[PDB]
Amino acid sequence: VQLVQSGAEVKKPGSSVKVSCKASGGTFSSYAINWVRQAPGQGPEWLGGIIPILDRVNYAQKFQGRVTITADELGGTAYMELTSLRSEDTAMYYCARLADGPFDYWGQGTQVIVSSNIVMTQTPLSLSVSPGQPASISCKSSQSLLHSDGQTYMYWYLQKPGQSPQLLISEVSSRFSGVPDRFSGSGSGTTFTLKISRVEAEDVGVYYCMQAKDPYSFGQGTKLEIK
């Protein structure tokens, strides 16, 4: 499936914005759609999510009262309404089917310009390497990502320039399909590491760690650039 969002907006402070998310196939079957925003100087921020088949919504505590997430009953369209807009709300807003086994996909993003329990600490903030040089990125969580089910809900995303974030590694070390063997994940509990044995030009972008132990929170980001 592919997710298609509504167009760019410029809003005044105090107004509302409603963003749509359409599934190409016409349904969200039995899975979840989550809303994630990204402000100019910050890492991704989870707003909330919906499981349309259950009519179950989950909101981030800092957005409760201001965010309303809804879904079309038989139309395959999800919505996110953010009210009482402030200049802090200027961000790229995305809908996504987040890190669900072999399924991870995102909308193209909706530019909105206004005219957490588990904290993720990413290190370093930026990395400058020549092609072929190895690269390492660390992530530390304020609480353990190990769940009673035996899974450690640690994820690594790469956002290439002019693109939506893409899943690289699931549950600490599983490479996503199409991800080259140069990427590898390791760690347990609260400390995790992403390694690139040799950097290539196509690796350029911002890497983000995402935790799903208490869905969802992200690291601030590691900008990787060449030379």
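Each residue number is its position in the shown sequence, starting from 1.
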item: Absent coordinates between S128 and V129 - deposited residues affected, binned into four classes; value: none
item: Of 100-108 and 68-76, the stretch whose C-alpha atoms average the higher B-factor in the entry; value: 68-76
item: CA B-factor ranking of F63, expressed as a third of its chain; value: highest
item: Record-listed C-alpha B factor of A8: chain third; value: middle
item: Chain-relative CA temperature factor third for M154; value: lowest
item: Third assignment of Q42 from its chain's C-alpha B-factors; value: highest
item: Entry-reported Cα temperature factor of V172, expressed as the chain third it lands in; value: lowest
